[PDB]
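Participant: Handing you this structure, nothing more for now.
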Amino acid sequence: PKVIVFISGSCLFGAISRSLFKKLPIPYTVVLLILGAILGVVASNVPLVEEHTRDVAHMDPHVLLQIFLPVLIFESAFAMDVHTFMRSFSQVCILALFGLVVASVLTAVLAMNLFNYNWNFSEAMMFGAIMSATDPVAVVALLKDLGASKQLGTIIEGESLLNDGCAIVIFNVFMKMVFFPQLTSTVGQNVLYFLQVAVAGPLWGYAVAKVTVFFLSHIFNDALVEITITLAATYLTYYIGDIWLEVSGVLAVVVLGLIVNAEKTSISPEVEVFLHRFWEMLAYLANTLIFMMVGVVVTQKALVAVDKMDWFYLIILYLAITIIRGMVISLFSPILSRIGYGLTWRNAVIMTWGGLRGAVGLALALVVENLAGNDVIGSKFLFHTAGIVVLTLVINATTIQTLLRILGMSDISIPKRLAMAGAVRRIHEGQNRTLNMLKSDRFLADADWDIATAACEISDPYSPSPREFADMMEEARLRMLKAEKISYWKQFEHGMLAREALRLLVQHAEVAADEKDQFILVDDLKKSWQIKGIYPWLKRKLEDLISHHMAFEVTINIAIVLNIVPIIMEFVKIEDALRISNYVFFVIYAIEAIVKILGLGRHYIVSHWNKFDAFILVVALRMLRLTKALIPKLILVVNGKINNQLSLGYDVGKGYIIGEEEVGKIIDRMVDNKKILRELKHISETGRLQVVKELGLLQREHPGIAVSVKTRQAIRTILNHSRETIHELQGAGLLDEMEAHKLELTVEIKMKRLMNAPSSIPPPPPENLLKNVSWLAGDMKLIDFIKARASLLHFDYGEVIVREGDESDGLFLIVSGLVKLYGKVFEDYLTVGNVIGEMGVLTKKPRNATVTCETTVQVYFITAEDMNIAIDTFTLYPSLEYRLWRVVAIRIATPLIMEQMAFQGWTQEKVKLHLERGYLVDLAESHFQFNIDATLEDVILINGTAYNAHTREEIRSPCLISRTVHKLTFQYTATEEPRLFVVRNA
Amino acid sequence: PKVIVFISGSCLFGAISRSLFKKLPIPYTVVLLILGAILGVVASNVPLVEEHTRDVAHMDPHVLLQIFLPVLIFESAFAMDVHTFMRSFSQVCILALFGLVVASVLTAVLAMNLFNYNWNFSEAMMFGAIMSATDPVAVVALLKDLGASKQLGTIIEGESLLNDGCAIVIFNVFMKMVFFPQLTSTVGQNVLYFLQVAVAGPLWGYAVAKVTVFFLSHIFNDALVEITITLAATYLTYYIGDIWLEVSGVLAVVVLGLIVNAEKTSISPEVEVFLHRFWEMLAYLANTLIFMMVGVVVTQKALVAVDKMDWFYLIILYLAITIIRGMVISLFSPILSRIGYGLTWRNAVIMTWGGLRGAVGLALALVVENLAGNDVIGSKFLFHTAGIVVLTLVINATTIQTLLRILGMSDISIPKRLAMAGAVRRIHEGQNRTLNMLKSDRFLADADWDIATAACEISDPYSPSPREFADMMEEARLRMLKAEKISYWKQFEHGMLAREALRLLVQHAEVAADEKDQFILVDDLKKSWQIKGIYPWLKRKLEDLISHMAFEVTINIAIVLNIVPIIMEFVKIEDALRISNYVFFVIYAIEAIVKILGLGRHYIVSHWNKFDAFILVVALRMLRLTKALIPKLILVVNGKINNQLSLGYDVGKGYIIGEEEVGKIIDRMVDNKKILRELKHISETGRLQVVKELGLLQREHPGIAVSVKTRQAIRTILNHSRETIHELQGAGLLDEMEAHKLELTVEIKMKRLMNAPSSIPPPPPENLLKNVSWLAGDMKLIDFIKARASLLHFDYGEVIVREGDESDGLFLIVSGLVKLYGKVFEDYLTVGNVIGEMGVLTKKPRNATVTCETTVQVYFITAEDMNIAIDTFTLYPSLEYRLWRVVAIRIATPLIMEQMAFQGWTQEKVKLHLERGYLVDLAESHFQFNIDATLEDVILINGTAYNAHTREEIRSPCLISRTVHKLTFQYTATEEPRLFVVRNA
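Line order of the protein sequences matches chains A and B. Mapping to the numbering used here: the first sequence position 968 is 968, numbers consecutive. To convert, count from 1 in the second sequence and add 986; that's the numbering used here.
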């Protein structure tokens, strides 16, 4: 058998038709089919080409059924976006299953009473099933090429996959019924077989996928072991499926592919991209081979047994299948709308014409033709399937192209056009200035400028009247929504916000912008983060109440595993085996009894588990012993299952509140209408307060998960900033490349190890919180002195702690609860770990706020006189006074520098770093004389009065002072010591 | 046959031993071997495991010889650094070949007269050949694990590859001689076979590699076609080599692997990394399988036919092979030193112990054991080879680790330690300030700070007296060299300098720093860029003098058609012959008609047509194809010279810019006059010599230089556009996928540029006059200047203009090289460099002298015409503003550079910084300027400044600091003051 030339020519023709058929809208598979037809007619004429093509044109059905199908289905599974697929699992699954069933039955009942073949009922079901299969890849490809709607692509791909799997299953059972009639089909074993293929396959695939993921989670700095392990696991599942029920192996591999593709943490990205490329290449090879094979086979023998009526019938069949495909979706759209997963007019219209028949139908046609022998049914099946495929693959493509061009999907929004125009203009200006600069140097003044300026051009690829006040409302709304949307992207760019939270926030913003006079709401986000109130909490609640050395328990657990072997023996030369078994059982009994004795020795009390162990010993059922180890793993999986959702909710809330703060700061210099400004500020502040209260309560309800999430966020931010500093240091040429590479490798290893951190860290004790105050930066004498006299207080809900119009009794520290701060317009909520009244004790001013308790609160109280003696006792350079005033100054100075220079490109994190780099300066060594230089950028006066010499102008406080002034002097005031905050350059 | 469980268990054991045997120095293959031994003894005891392992333990020699070897050799070829390998081709090739030959012969003559087997000569030759193999991946692995040197790793890898490639051939021929004695070995056909396996194989591999590369160079935006094409090409070459010579196939695939790995432009990086990973995985699978197989086989049957003396002999054999391996290098080191490719003491010592036997010897032992049948030679061969491998794989590893620890290779230089300490300190400070900032916000005040601060720590992984004049001298020298290297790294980081040029420059800097009191020289760089003077220039010189159009295309096609009858000539037989005759006749007529047509086109017979008429009269179509053969030879010579010229130009430009920066920075480092004078003298002498040499090199042949300059300009513009796109994407102004498609367009443009034509013809002088910086496409200005622009020609050795004279007018060098000398001030100007802009702008007498170093063509414009053209035009983008802006930035770049030459400011950054701003006039400001905070730097070009609250005179040209805030100017008839201010974004 000679086969090499056929495969090499197939690869060559596939590459040629991929390269030279790209601008055309129709796919290259039609060219492949006609090339196969030419090869078939040539081989029918010339005998040598017939000898060279017979070895592959007519090959066994078993190799086709066992290699060409599972690879295609597994690639279709691997090319999925799993999350958007599971977002609409129920809708797509019910639609695919019911539509497949009704389409197959209708096509079978059409083929039975139409035509003149006098076909039976099983042949009708086989014919109906082999053309209900659709193609996932092509539809998603040309939907992504024009229209840009990911929901439609994901639902159509999921429908195609769920159609292909069920079509394969039903075709297989009906072929087994029709071609090998020796089998028996009693109801009991048949329903057992259906239950087996329904439930047993996917469970096995899921189990092996979980085991493989768990094994891969422990591999560090090894990109070659995991690839081999993954391939071996995939083949092992396929082999178990093959030796098992054949119709279930495809289900097992698609389940494993979905599970493996869903997981993205324990697998490094390089392994993922390599696996994607590998399976894509294998599927491409299979597709090319099957198309050429079916072209040759349909041309050689299928087209010499047809008539005029056989050409007449396929048009009717195509019309019928299109009509039923449209009718199913038309009938099922209202139910989907009523339940809450409805579609629209345009999506239904495009999904009616989005059904392309792929290569799986060709494979099943080849199988039925090869099994049919030298009969006519194989020729009819192959001819009809090839005709339907070659019709739809061009007709539906052209129709869907025209439909997209004639509807609103192939349209570009005006803001997108404006953004593209601005980007193109900026690129053109940058290129022009770069060229103008580069024309001036004396080393590159000879190059041909026409070629250089013509071979690098960038072109755009896209080409009191109520009405007045309402128009102001509309433009204000649209501009505010634009600002929020750009802020949520700036947050993601620095790596602070998660991808899913960003997607949800931008989707909500777009939904709010689309609807007229509709602001962004908080109830939808409340639903987004309220998912914790779900039955998993009830599993946790029941499971926690369900509930000498430690090595004894581990050894006993192991002992139980040993007992499993005798069990198997019981389940079961023979004499010797039996004898061994009795001895083994006796030994196990002895061990158990000894274990019980040891337990009694360690403890004489009797418990429920002790009573159960005594009953077990009295019996001499080892499965009842493993629950002791089963329970903690169930706890550990429920912990992560709730931790993921809590993390997502916290990220969404924090992103929304920070973006809203920035947007509220940016509106102040846009429009100058008092009423609209008042309304916008009112809405923003109401949303902010409600969101912060809800997040505070959510954190308070269960603290361990919140503590774990906060720790993970802090660690991630610190590591990201360290990586950025390493990259900046490498870019300046201070160190060699490979040292930076190994440092980045260490950082990446740290991040990967963090990704598998334990969840639900227990909350710290109050002393740990008191040891982590910002100004109490590990000063042993200060820590000891403050811990010596720190009083602890407890207040019930509904009481008032302190009130304004009173002297500063002392600073407070919230160590448990949620406190409402209300005063003079000024409303906010403070939580655990937030000091109260620093400026009250520093400036010796009366209180300017009122404190109320919204839950049971525990606070830390320190007297002000003790603080005063501790601060006038210590006079070191890093004194507590400097730390306190620096913290208060940066806290009071961030909003001022933000609102003064809120130009396009300044965020919260950047301003915080900018103010963090600088440091406070005193007037003792400057003799009350300051001169503003160019090294320092911004200078802000916190409190006091300023003066000059050549202008002599009073300066109110707190105020940032611009660069107009030059010399600053200060008088001697007993009631106030003036302070300044200056920030210098690098 | 059941084979699944064995392969699955092999994969599992390979993964387990890779994971759990990483900190240990010895490789995991010893664990694999002992696991195979345990499996063998278990299968010898239990019958079921014997049934499950017999199907794979004893497999055919043909599948082993035809799959397991070529994959290993091709992976070894693919895992090479080709450029550093070809840097020392001759040394490693002669060393590997001669050492292989002498070691094999000595081992054969040892095995013949030692032992007691009474072996023949063929068996001794095979025995010597099967243990001369070497493991490439292990040596490079343990070398790169420590410091080592790229040179040592590359030479040892090349030697290992060549050793395996020749050992396979010699083993193949001797096995064919010894096991199938029916073959005939007459001298003629034997030497024909040797010539075939020497020359015909690599030529075929090279031809297919070139064809595949040419086909892949035309594929754009398709990452799946090229992978399949590459795999199909590799298999096709393997198949042709396998059916052809069954030994030379390994030579064909190693040549193809080297050629494909060398090429890196027509193949996208994703395809390259995918191919690397694929072949690495296949080789890993093969290695694991062969080690487990040989463990099982050696344990089951090889160890039951040995005695005390059979345990005694292998130690002697190991000592002998180590001794001869050392002796070969010891003898051949002086010759290598004499020719110019010598090694050192430490490299020879480490390369003596760097010979690790790999899996290839195991495969050949399995082949000879399986072919030997139920005899004793197979058992002896397998036992000896397994013993040698299991000895060396631990003994040489431990010995080389101890040797590296006991010599200077495993040492870290003091500057490296200082740099690591500084980087760790900076990282620690950054982490501390980030943590201090993050402890303050009110949304993250609850996280456990101990865990956060303990789970992110970064730790360092490394743990008149001439004496005083001498120590300051050396400290200045190392400071210069450090500045030079960091300047080169800064140049490379922006993407301006090539990788090879950067490597060469840093290597030269390190070499100069290692030698005492040795500055960086220019003669070595002169040798680096003088490679253009080589015999390829002579091929070009002879080839150029050798030297509707659709007719010629048709003529070539006709020649191909004529080839068909020729084939038959070499060859229903009657029918075939008749058809052939008919075709021949027909051909003889189309060619005659084409010749008649040519005659009707050109009456006189052409020089080629003179012999074409004889060709027609004969009725030998190979002589016709030279017409199309010649231009492709011209193109390939053009490319081969273009690469070298580009490398030389890059090296020169990088060195001169780095030297300028290094000369600028040192001015505020040390305060001794004599050393400053000497240092500046050396720097300026080197700069002038390099610039003169580069000018002459550009002048000698202009087309290649023009092409190189155009490529550089296009690359820089595209890189800056990509940077702007990335910055725009980072600010959230546009969505991600639009930026992705723009970057895809930019990448497509870069890839299309990479295949640009070479040797662009030089532009005409009018094109150069149309591309002056201030003549930015102003139609009236261009027409007026082209109306009166005089053109002059001056011979070598004359003086164009001299100082102490009125400004006659600005000049423009359109051809030649001109020396500008005057008042200390010496430089060289080339084509496209305007002369005397400040002379005509400020109406000042000349301050320079011009001499001609070659024949020069210049453009002369009278100053009166410039004056009337400049007082006629008064638009906002006037020529006066452009001229003064260009002169001001040119005169202001060095001042702002030298004033603020802090660590982190380069030429390109300062040029962009000064380019962003623009000049301001005093007409609308009423001679009043007040400095705001938006603008950064302000420089007074010419004139005198005045104040109000200080009233201080300011000399020119001078950048004015942040001391006075109000500037006023008087009305001066002899001078109009100007300022250059640069503002913020």
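All C-beta atoms in this analysis are idealised placements derived from N, C-alpha and C, irrespective of residue type, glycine included.
Using a C-beta cutoff of 8 angstroms, does residue 83 of chain A count as contacting chain B?
Facilitator: no
Participant: I'd like to confirm the pairing. Which residues does DSSP put opposite residue 823 of chain A in its beta bridges?
Facilitator: DSSP lists A:826 as partners of residue 823 of chain A.
Participant: How big is the Cα-Cα spacing for residue 1855 of chain B and residue 1823 of chain B?
Facilitator: 15 angstroms
Participant: I need the DSSP call for residue 937 of chain A, collapsed to helix, strand or coil.
Facilitator: In the structure shown, residue 937 of chain A sits in a strand (DSSP, three-state: E or B).
Participant: Thinking C-beta only, is residue 1035 of chain B closer than 8 angstroms to residue 1158 of chain B?
Facilitator: no
Participant: Hey, is residue 997 of chain B's beta-carbon within less than 8 angstroms of any beta-carbon in chain A?
Facilitator: For residue 997 of chain B, the answer is yes, since a Cβ of chain A falls inside 8 angstroms of its Cβ.
Participant: Can you list the beta strand (DSSP E) stretches of 3 or more residues lying completely in the segment 1905 to 1958 of chain B, in chain order?
Facilitator: 1914 to 1916, 1921 to 1926 and 1952 to 1954
Participant: With a cut-off of 8 angstroms, does the C-beta of residue 713 of chain A fall near any C-beta of chain B?
Facilitator: yes
Participant: With 8 angstroms set as the bound, which would you pick, yes or no: does the beta-carbon of residue 1729 of chain B sit closer than that to a beta-carbon of chain A?
Facilitator: no
Participant: Just mark residue 764 of chain A as buried or exposed, buried being the case when its beta carbon has 16 or more other beta carbons within 10 Å.
Facilitator: buried
Participant: Decide if residue 1122 of chain B is buried, meaning its Cβ has at least 16 other Cβ atoms within 10 Å, or exposed.
Facilitator: buried
Participant: Using the beta-carbon count (16 or more within 10 Å), is residue 831 of chain A buried or exposed?
Facilitator: buried
Participant: Near residue 134 of chain A, which residues of its chain fall below 8 angstroms by C-beta distance, leaving aside the five closest residues on each side in sequence?
Facilitator: Excluding its 5 nearest sequence neighbours in each direction, residue 134 of chain A has C-beta neighbours in its own chain below 8 angstroms: 159, 160, 163, 164, 355, 356, 357 and 358, listed in chain order.
Participant: Give a yes or no on whether the minimum CB-CB distance between residue 1568 of chain B and chain A is below 8 angstroms.
Facilitator: no
Participant: Based on DSSP bridge pairs, tell me the residues matched to residue 858 of chain A.
Facilitator: When beta bridges are read from the DSSP output, residue 858 of chain A appears opposite A:794 and A:816.
Participant: If we count the other Cβ atoms within 10 Å of its Cβ and call it buried at 16 or more, is residue 154 of chain A buried or exposed?
Facilitator: buried
Participant: Give the straight-line distance between the Cα atoms of residue 1783 of chain B and residue 1842 of chain B, rounded to the nearest whole angstrom.
Facilitator: The straight-line gap from Cα to Cα measures roughly 10 angstroms.
Participant: Roughly how many angstroms separate the alpha carbons of residue 1928 of chain B and residue 480 of chain A, rounded to a whole number?
Facilitator: 51 angstroms
Participant: Whether or not the segment 1295 to 1315 of chain B and the segment 1368 to 1375 of chain B are in contact is what I'm after, with contact meaning three or more pairs of Cβ atoms, one per stretch, closer than 8 angstroms; do they touch?
Facilitator: yes
Participant: What is the rounded straight-line gap between the Cα of residue 1972 of chain B and the Cα of residue 274 of chain A?
Facilitator: Outside the modelled stretch of chain B, which goes from 987 to 1971, sits residue 1972 of chain B, for which no answer is possible.
Participant: Just to make sure I have the definition right: I need the residues of chain B whose C-beta is within less than 8 angstroms of the C-beta of residue 707 of chain A. Which are they?
Facilitator: Scanning chain B for C-beta atoms nearer than 8 angstroms to the C-beta of residue 707 of chain A yields 1432, 1433 and 1434, reported in chain order.
Participant: Using a threshold of 8 angstroms, state whether the C-beta atoms of residue 529 of chain A and residue 378 of chain A are closer than that.
Facilitator: no
Participant: Which residues of the segment 209 to 233 of chain A have a Cβ closer than 7 angstroms to any Cβ of chain B? Give them in chain order.
Facilitator: Cβ contacts with chain B come from 219, 222, 224, 225, 227, 228, 229 and 232.
Participant: Just checking: is the beta-carbon of residue 1284 of chain B within a distance shorter than 8 angstroms of some beta-carbon in chain A?
Facilitator: The beta-carbon of residue 1284 of chain B is placed no less than 8 angstroms from the nearest beta-carbon of chain A.
Participant: If contact means a Cβ-Cβ distance below 8 angstroms, which residues of the segment 918 to 950 of chain A contact chain B?
Facilitator: 933, 934 and 950
Participant: List the residues of chain A that residue 1817 of chain B touches, going by C-beta distances under 8 angstroms, in chain order.
Facilitator: Per Cβ cutoff of 8 angstroms: 445 and 446.
Participant: Taking the continuous beta strand (DSSP E) assigned at residue 398 of chain A, which residues delimit it?
Facilitator: Where residue 398 of chain A is concerned, there is no enclosing beta strand (DSSP E), although the alpha helix (DSSP H) it sits in stretches over 377 to 406.
Participant: Compare the beta carbon distance of residue 700 of chain A and residue 855 of chain A with 8 angstroms and say whether it is the shorter of the two.
Facilitator: yes
Participant: Within 8 angstroms (strictly less), CB to CB, does residue 21 of chain A reach chain B?
Facilitator: no
Participant: Please name the residue in A:596, A:597 and A:874 whose C-alpha comes closest to that of residue 781 of chain A.
Facilitator: A:874
Participant: Taking just the CA atoms, how far does residue 1011 of chain B sit from residue 1390 of chain B?
Facilitator: 13 angstroms
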